[PDB]
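Trainee: heads up, no residue letters with this:
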């Protein structure tokens, strides 16, 4: 897992056939998958297929070893300990598990604080908890670009029980000052939860630097892994507090008809046969990312955002999110005046340019901006400035087409 | 179905069959190349998120994801909207218990079997503890046979009944049709753990009288890991509270609240295991080409010869002696040898089997044993393999 010499983006594109067929700017929805990751999964399926849990036999020994290796690889990627990594199906499961597993700690009137730009998965579970338990759900103030008011964050966070924030917005591309928010939460004694679904694999994600108590991410996005695998980081300090929401096979020490005994993390939290192929694929993605380097990925994406946003300004096409590109990830949301985003996306698709349109599972963002949705181009290290120029040529013809 | 030799033409698609004698199918099945091919095709050729995005990749992924759900629905006799994707059976079962929790009142009763896998036991125990419910177990014998009279007595007044279709530790095939009729007569919710029956024999929600049913793609259906199914009968759509909510489960949201969408999306939070659903559908299509009939027949042959062969060697084996009630699972013990040791020796001969409690401690405690060695099959296993196995077991037993 060390960086290698390589040409970006050429050397990455070589491993991804779809890059030869379409201009894929829908990375926020899901990334394209490199051949080495598919080969790693295929190897499991065809060469060492077996359940884990240290079955006596050789195949289970090899699957168990690779599963464990994958969990270590994920731990190392985010700066956590092996035992603090739990595998889930996606970020959404991970976040819901936090709310279910911590539900018992709240008293009527306690406070939960989040941002107004959260993806539905990092809003709904907290709304349900607040409604059921009579809690206060408060939102840090921010502007239409996604920039949070840190003075308001300090006020809001004081006396909060739990703070949940996204690292990067999937609709705006704003990169929040998570390290600062985490500091405020820990200085105020609040539990700090981070939705890293749009940051992981696109920039540094480190639990210690973020002051995270819980952190969630999805394999299928930035990390260039498969679908059906997500991660939930649980800081060891919460092992005596967090109630496993899902229990059963693989989570126990002892069981009888009258009760049962739970084992230790991380198995205590992983009920049933895990997504063994998916964890292996994710580890593979992470290794692939490590070879490239998160610094190269960040830098490439910034070049793409810079040219895209500048192009759109030359076309008088309004774009959303921060103007300071230092705080803008590889996501450019925009709109063509007079045209519904779905129509724009359709035109782009006719030109083999894949973008997403709509509310992006972020209705409160759309409502705050007073818009119905946006068109969204989102990048990864394999996207090229040439593709951005094709895109801008198409948007130019669209715009002139009135 | 397609004309093919069993097990030879299935074996041709599973390279591992050339390396080992795989008798740990109840843990997980081996995966045929066409299932891996279907998933690779998704990853390399139409990789995208679903939810009907405008772009062509999303249109194709969405089409294939919907197709996969229909294939699953048809495999178990359900409707499209009643099929919810989960990571595995365990998640499925946990979701039932969490999603129905609100309907219970102190003193209501849940009934299950004493042979349940932990995943079909612990969620009920927890629910019973949290809410102050009665959790009762149907009496039965050491072979796995339930006492249907006692079942009648216990199910009366029950709010919810949960049973496994087939035991992963004993191989017993329960009278699920009969139990479900009883449950429905008594006004109880009927939940079925089909993890061990799916892909090995017919599983039909209408015949079983299921209100909820769970299974795992990685077992009998010859699908990938990380994909499970939770069937929710339409009658419960507005009763079942979705335990996981978020992306993809809504019609509208605002800072002050939300409204959920319709099933099945209402119950599937976040990006689904698209790859895994497509793989599972591929496995179900592969199974269907073989035909469940031919699967069940091939397995009965292997069990018959195995159980006869062990009888010859005076090696005790567990579960029903009546083979019509005995699935493709044979648990046993070699007297004077711990099951892990038997498994290790077998492993030396390239025969893969599992040993231990099989996530069924109550079975082991009921039988007065520490665990068992367990050989389990699928349609790709052969009688020649069983003979090789019996050969190794004979030599072993002979080391008096």
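Mentor: Alright, I've got the coordinates. Numbers count the residues shown, from 1 in each chain, chains lettered A, B, ... in the order given.
Trainee: only C-alpha atoms for contact and neighbour calcs from this point on.
Mentor: Noted.
Trainee: residue of the stretch 51-200 of chain A closest to chain B, please.
Mentor: residue A:121 (3.8 Å; CA to the nearest CA).
Trainee: contact partners for the closest residue to that residue other than its chain neighbours?
Mentor: Leaving out its chain neighbours, the residue that sits closest to residue A:121 by CA to CA, 6 or more residues apart in numbering or on different chains is residue B:246, at 3.8 Å. Counting by CA atoms under 8 Å, 6 or more residues apart in numbering or on different chains, residue B:246 makes contact with A:92, A:120, A:121, A:122, A:123, A:124, A:125, B:269, B:270.
Trainee: which ones among the residues you listed map onto helices?
Mentor: Counted as lying in helices by DSSP state H, out of the contacts of residue B:246, are A:92, A:124, A:125.
Trainee: in chain A, which residue is most central in space?
Mentor: residue A:197 (0.8 Å; CA atoms, centre = their mean).
Trainee: how is chain A carved up into domains?
Mentor: A:1-27+A:293-402, A:34-292 (curated CATH domains).
Trainee: show me where the stretch 51-200 of chain A has strands.
Mentor: A:85-88, A:111-114, A:136-139, A:162-166, A:191-195 (DSSP state E, counting those that start in this stretch).
Trainee: paired strands for the fourth one, with orientation please.
Mentor: Looking at strand A:162-166 with DSSP bridges, its paired strands and their directions are strand A:111-114 (parallel), strand A:191-195 (parallel).
Trainee: ok, now the first one?
Mentor: Here strand A:85-88 has these sheet partners by DSSP bridges: strand A:230-234 (antiparallel).
Trainee: cool, and the third one?
Mentor: In the sheet containing strand A:136-139, its partner strands are strand A:111-114 (parallel), by DSSP bridges.
Trainee: distance from the strand it pairs with to the middle of the chain?
Mentor: Mean-position distance between strand A:111-114 and its chain equals 20 Å (CA atoms, centre = their mean, to the nearest Å).
Trainee: before we move on, what about stretch A:327-336?
Mentor: The mean C-alpha position of stretch A:327-336 is separated from the chain mean by 16 Å, CA atoms, centre = their mean.
Trainee: what do you get for stretch A:154-173?
Mentor: 15 Å.
Trainee: what about that stretch, start to end distance?
Mentor: 23 Å (CA to CA, to the nearest Å).
Trainee: one more: stretch A:310-327?
Mentor: OK, stretch A:310-327 end separation, CA to CA: 16 Å.
Trainee: repeat that for stretch A:23-41.
Mentor: One end of stretch A:23-41 sits 26 Å from the other (CA to CA).
Trainee: one more: stretch A:201-208?
Mentor: 17 Å.
Trainee: that one: how far from the chain's middle?
Mentor: Centre to centre, stretch against its chain (CA atoms, centre = their mean), the figure for stretch A:201-208 is 10 Å.
Trainee: can you tell me who residue A:254 pairs with across the strands?
Mentor: In this entry, residue A:254 is beta-bridged to residue A:261, by DSSP bridges.
Trainee: no wait, residue A:162
Mentor: Residue A:162 has these beta-bridge partners by DSSP bridges: residue A:112, residue A:191.
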